[PDB]
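The block underneath contains the structure these notes are about, expressed in structure tokens.
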Amino acid sequence: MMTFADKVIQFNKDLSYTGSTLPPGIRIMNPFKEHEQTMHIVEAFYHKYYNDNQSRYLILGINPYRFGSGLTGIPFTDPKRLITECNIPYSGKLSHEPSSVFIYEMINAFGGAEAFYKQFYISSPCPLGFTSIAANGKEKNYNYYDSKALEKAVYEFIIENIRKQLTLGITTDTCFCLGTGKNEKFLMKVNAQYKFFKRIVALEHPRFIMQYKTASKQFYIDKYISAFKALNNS
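Take the sequence shown: its position 58, counting from 1, is numbered 58 in the entry's author numbering, and each next residue is one higher.
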């Protein structure tokens, strides 16, 4: 349990859903129990970028989805970005995640994966995802906040996960929240209750940027980087 990487690896290895019964039709989606390749990628990634005992600033997404980074276990890192940006091999079907494209263009504008991950650690309030399958067979992914019943079912599980992420060695002055909608409302209410962080800075979620601000992706790159700079300036 020595390094930051060791702790993340043990966390993901041990992660299991301990919340309440989910709404009808919804199944827990645990990327680390789905396919045997995932933990190997986890080990490869964190030992590459977190092989130290330095603290990190926390960036919080929403929660994993089955596609893209859900096949790697690495936040915002789909198979193509894992191969091309992290130089870590991936066997099997590629899975395109728009958020991963944005995040790694931002990371390169920042100075590269090594420099960024030396300073930042990405997680999410809810470390698991959720899926349902419709009568036609199409599969739906959920955000933890998509209904009052789902959020109620997973609330303490989420709080315990955030507390657990803080035990990794997190500089708590600023947490960055990706998602200016319901994710922000949830994390502001949580932080007012528990005071995990001195302040929360919310940024548009990479998926929102890719889908609705596509022509302006560069501006949002700058926005992310100016927020990280303001933290380091001050």
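All residues carry an ideal CB built from backbone N, CA and C; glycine is no exception.
- Rounded to whole angstroms, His205 and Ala135 show a C-alpha spacing of 30 angstroms.
- Take the alpha-carbon of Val190 and the one of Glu160: they are about 12 angstroms apart.
- Secondary structure at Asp14: helix, using DSSP grouped into helix, strand and coil.
- Put simply, the segment 39 to 47 touches the segment 1 to 11. At least three CB pairs are less than 8 angstroms apart.
- Under the DSSP assignment, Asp173 falls in the beta strand (DSSP E) whose first and last residues are 170 to 178.
- Burial is judged here by how many other beta carbons sit within 10 angstroms of a residue's own beta carbon; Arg81 has at least 16 and is buried.
- Scanning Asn183, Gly92, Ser234, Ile74 for the CA closest to the CA of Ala5 turns up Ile74.
- When DSSP states are grouped into helix, strand and coil, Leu94 belongs to the coil group.
- Looking at the DSSP output, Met29 shares a beta bridge with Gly129.
- Three or more Cβ pairs closer than 8 angstroms define a contact, and the segment 147 to 167 meets that threshold against the segment 113 to 127.
- With 16 or more neighbouring CB atoms inside 10 Å of its own CB, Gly179 falls in the buried class.
- Rounded to whole angstroms, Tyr49 and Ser99 show a C-alpha spacing of 20 angstroms.
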